[PDB]
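The structure appears right after this line, and notes come after that.
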Amino acid sequence: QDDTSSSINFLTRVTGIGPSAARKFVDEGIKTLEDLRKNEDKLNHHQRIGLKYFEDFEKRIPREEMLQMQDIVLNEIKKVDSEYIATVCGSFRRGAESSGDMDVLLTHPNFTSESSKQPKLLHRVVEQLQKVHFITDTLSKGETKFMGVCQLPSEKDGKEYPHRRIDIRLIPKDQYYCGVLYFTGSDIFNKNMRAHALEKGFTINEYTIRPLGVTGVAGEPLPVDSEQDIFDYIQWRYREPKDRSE
């Protein structure tokens, strides 16, 4: 069993291959990266691109590169429409010295929670980033979420940076800063802040902050025009992201 398990665990390191699909591959004698490459016909698109960048996707991103990536993303988005608002979240926003991926939250005042889908608000940004060769591949592209691959431009002698995972999520403007709060984390900090909100008569989720009565009925979403507004409602001092480990 040891070798069977090691094979399954190996394939799960490919993005797009989860434990169940890995078990099915190994049952078919597909166990290594070489086996996967010889059996590209059995892969979906996400798995094929994850195999393509297997080694790169096991490398971390130094904060220095994250800052370069951030400027490319922010500068190109502003070129498409200066009314877009985009924020890099995750442990990067909390000041982490390295990141596993880049997670971008995107909004636009044309897109509110009363809106039906506006996928081209997302796709136009993806297309511009592809046009300047920053986004290199797509893992999946939906009406509000893009998961793909990017790469910093070569700086010297044609030497290449590793390809990196990037996600871009389109969020309604009236829910944007609650989203930024949630996706900045940490998970423990989010739990602690939601517990304090309850003590103060509010309930916070990924989308909204609402007043919460003694019977447990949530009221209407409160207006939020900055992350600071959410802390103001629950009477907490603003917690800078570097202070959100717990």
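Each chain in the structure tokens gets a letter, A, B, ..., in the order shown, and its residues are numbered from 1; ligands are numbered from 1 in order too.
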Self-check item: Which of range 5-246 of chain A DSSP labels alpha helix (DSSP H), written as a ChimeraX atom specification
Solution: /A:5-12,19-27,33-38,45-52,63-80,90-93,119-131,176-184,187-199,227-233
Dump as a tab-separated table the rows for residues of range 108-218 of chain A within 12 Å of range 69-86 of chain A: closest atom pair and distance in Å with one decimal, only C-alpha atoms counted, ordered by chain and rising residue number.
```
residue	atom	partner	partner_atom	distance
A:108	CA	A:84	CA	4.7
A:109	CA	A:83	CA	7.1
A:110	CA	A:83	CA	9.1
A:111	CA	A:84	CA	10.2
A:120	CA	A:80	CA	11.8
A:121	CA	A:84	CA	9.0
A:122	CA	A:84	CA	10.2
A:123	CA	A:80	CA	11.1
A:124	CA	A:80	CA	7.7
A:125	CA	A:77	CA	6.1
A:126	CA	A:77	CA	9.1
A:127	CA	A:80	CA	10.0
A:128	CA	A:76	CA	6.9
A:129	CA	A:76	CA	6.8
A:130	CA	A:76	CA	10.3
A:131	CA	A:76	CA	10.0
A:132	CA	A:76	CA	8.6
A:133	CA	A:72	CA	10.6
A:134	CA	A:72	CA	8.0
A:135	CA	A:73	CA	9.8
A:149	CA	A:69	CA	12.0
A:150	CA	A:69	CA	8.8
A:151	CA	A:69	CA	8.3
A:152	CA	A:69	CA	6.6
A:153	CA	A:69	CA	9.6
A:161	CA	A:69	CA	11.5
A:163	CA	A:69	CA	11.5
A:164	CA	A:69	CA	9.9
A:165	CA	A:69	CA	11.3
A:166	CA	A:69	CA	9.9
A:167	CA	A:73	CA	11.5
A:168	CA	A:86	CA	9.2
A:169	CA	A:86	CA	9.5
A:170	CA	A:86	CA	9.3
A:171	CA	A:86	CA	10.1
A:172	CA	A:85	CA	10.9
A:173	CA	A:85	CA	8.9
A:176	CA	A:85	CA	9.1
A:177	CA	A:85	CA	10.5
A:179	CA	A:86	CA	11.6
A:180	CA	A:86	CA	9.7
```
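The space separating CA of residue 35 in chain A from CA of residue 147 in chain A comes to 25.3 Å.
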Residues of range 121-186 of chain A that approach range 240-244 of chain A to 8 Å or less, counting only C-alpha atoms: could you list each one with the shortest pair of atoms and its distance in Å to one decimal, rows by chain and increasing residue number, as a Markdown table?
```
| residue | atom | partner | partner_atom | distance |
| --- | --- | --- | --- | --- |
| A:184 | CA | A:241 | CA | 7.4 |
| A:185 | CA | A:244 | CA | 6.7 |
| A:186 | CA | A:244 | CA | 6.0 |
```
Expected file: the selected residues, N, CA, C and O atoms, as an mmCIF file, in the first residue's frame:
```cif
data_model
loop_
_atom_site.group_PDB
_atom_site.id
_atom_site.type_symbol
_atom_site.label_atom_id
_atom_site.label_comp_id
_atom_site.auth_asym_id
_atom_site.auth_seq_id
_atom_site.Cartn_x
_atom_site.Cartn_y
_atom_site.Cartn_z
ATOM 1 N N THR A 184 -8.762 39.079 3.167
ATOM 2 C CA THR A 184 -7.482 39.409 3.771
ATOM 3 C C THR A 184 -7.181 38.513 4.968
ATOM 4 O O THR A 184 -6.004 38.226 5.230
ATOM 5 N N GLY A 185 -8.211 38.054 5.672
ATOM 6 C CA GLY A 185 -8.042 37.197 6.830
ATOM 7 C C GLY A 185 -7.230 37.864 7.932
ATOM 8 O O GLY A 185 -7.242 39.071 8.094
ATOM 9 N N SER A 186 -6.529 37.054 8.730
ATOM 10 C CA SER A 186 -6.447 35.600 8.727
ATOM 11 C C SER A 186 -7.787 34.965 9.048
ATOM 12 O O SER A 186 -8.745 35.651 9.385
#
```
Per residue of range 102-221 of chain A within 10 Å of range 231-234 of chain A, record the nearest atom pair and its distance in Å to one decimal, counting only C-alpha atoms, with rows in chain order and ascending residue number, as JSON lines.
```
{"residue": "A:193", "atom": "CA", "partner": "A:231", "partner_atom": "CA", "distance": 8.9}
{"residue": "A:194", "atom": "CA", "partner": "A:234", "partner_atom": "CA", "distance": 9.6}
{"residue": "A:196", "atom": "CA", "partner": "A:234", "partner_atom": "CA", "distance": 7.4}
{"residue": "A:197", "atom": "CA", "partner": "A:234", "partner_atom": "CA", "distance": 5.5}
{"residue": "A:198", "atom": "CA", "partner": "A:234", "partner_atom": "CA", "distance": 8.7}
{"residue": "A:199", "atom": "CA", "partner": "A:234", "partner_atom": "CA", "distance": 8.8}
{"residue": "A:200", "atom": "CA", "partner": "A:234", "partner_atom": "CA", "distance": 6.0}
{"residue": "A:201", "atom": "CA", "partner": "A:234", "partner_atom": "CA", "distance": 8.0}
{"residue": "A:202", "atom": "CA", "partner": "A:234", "partner_atom": "CA", "distance": 7.1}
{"residue": "A:203", "atom": "CA", "partner": "A:234", "partner_atom": "CA", "distance": 9.4}
{"residue": "A:204", "atom": "CA", "partner": "A:234", "partner_atom": "CA", "distance": 9.8}
{"residue": "A:209", "atom": "CA", "partner": "A:233", "partner_atom": "CA", "distance": 8.5}
{"residue": "A:210", "atom": "CA", "partner": "A:233", "partner_atom": "CA", "distance": 9.5}
{"residue": "A:211", "atom": "CA", "partner": "A:233", "partner_atom": "CA", "distance": 9.3}
```
Restricting it to C-alpha atoms, dump the selection as a CSV table (one decimal), in the first residue's frame.
```
chain,number,residue,atom,x,y,z
A,193,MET,CA,-13.9,39.9,14.5
A,194,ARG,CA,-17.2,38.2,13.7
A,196,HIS,CA,-16.9,40.8,18.5
A,197,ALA,CA,-19.5,42.1,16.0
A,198,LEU,CA,-22.1,39.7,17.6
A,199,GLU,CA,-21.3,41.1,21.1
A,200,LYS,CA,-21.9,44.6,19.7
A,201,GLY,CA,-25.2,43.8,17.9
A,202,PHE,CA,-24.0,43.2,14.4
A,203,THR,CA,-23.4,40.3,12.1
A,204,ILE,CA,-20.6,40.2,9.6
A,209,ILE,CA,-22.6,43.9,7.9
A,210,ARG,CA,-26.1,43.9,9.4
A,211,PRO,CA,-27.5,44.9,12.8
```
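CA of residue 89 in chain A is found 15.4 Å from CA of residue 207 in chain A.
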Practice problem: Go through A:191, A:156, A:141, A:237 one by one, measure the shortest atom-to-atom distance of each to residue 46 in chain A using only C-alpha atoms, and give the residue with the smallest value. | Solution: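 Distance minimum relative to residue 46 in chain A lands on A:141.
Comparing A:88, A:105, A:67, A:14 by their smallest distance to residue 55 in chain A, the closest is A:14 (using only C-alpha atoms).
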Which of range 9-226 of chain A end up as strand (DSSP E) when DSSP is run on this backbone - answer as a compact mmCIF listing (two decimals) with C-alpha atoms, in the first residue's frame?
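File produced: selection_38.txt:
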```txt
# COMPACT_ATOMS: atom_id res chain seq x y z
CA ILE A 61 6.46 34.12 -4.50
CA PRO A 62 8.77 36.56 -2.70
CA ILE A 85 -11.13 49.33 -7.89
CA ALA A 86 -8.74 46.40 -7.36
CA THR A 87 -7.11 45.11 -4.17
CA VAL A 88 -4.55 42.34 -3.73
CA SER A 98 6.13 35.41 0.60
CA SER A 99 2.87 34.29 -0.96
CA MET A 102 -1.96 36.38 -6.06
CA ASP A 103 -5.62 36.94 -5.15
CA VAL A 104 -7.19 40.07 -6.68
CA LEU A 105 -10.60 41.43 -5.71
CA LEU A 106 -12.13 43.64 -8.41
CA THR A 107 -15.17 45.88 -8.45
CA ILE A 135 -1.50 36.50 -17.87
CA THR A 136 -0.21 33.48 -19.77
CA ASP A 137 -2.86 30.79 -19.27
CA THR A 138 -6.35 30.21 -17.91
CA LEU A 139 -7.35 27.44 -15.53
CA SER A 140 -11.06 28.41 -15.52
CA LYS A 141 -12.99 31.59 -16.35
CA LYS A 145 -14.13 34.41 -11.09
CA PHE A 146 -10.97 33.93 -13.12
CA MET A 147 -8.29 31.44 -12.09
CA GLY A 148 -5.17 31.45 -14.17
CA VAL A 149 -1.45 31.80 -14.60
CA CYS A 150 0.79 34.84 -14.82
CA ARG A 164 2.49 32.04 -10.83
CA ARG A 165 -1.10 31.34 -9.81
CA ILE A 166 -3.42 34.37 -10.02
CA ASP A 167 -7.13 34.64 -9.19
CA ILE A 168 -9.33 37.66 -10.01
CA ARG A 169 -12.79 37.83 -8.44
CA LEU A 170 -15.44 40.37 -9.48
CA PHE A 202 -24.00 43.23 14.39
CA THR A 203 -23.39 40.28 12.15
CA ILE A 204 -20.60 40.25 9.56
CA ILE A 209 -22.55 43.91 7.88
CA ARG A 210 -26.06 43.93 9.38
CA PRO A 211 -27.53 44.86 12.75
```
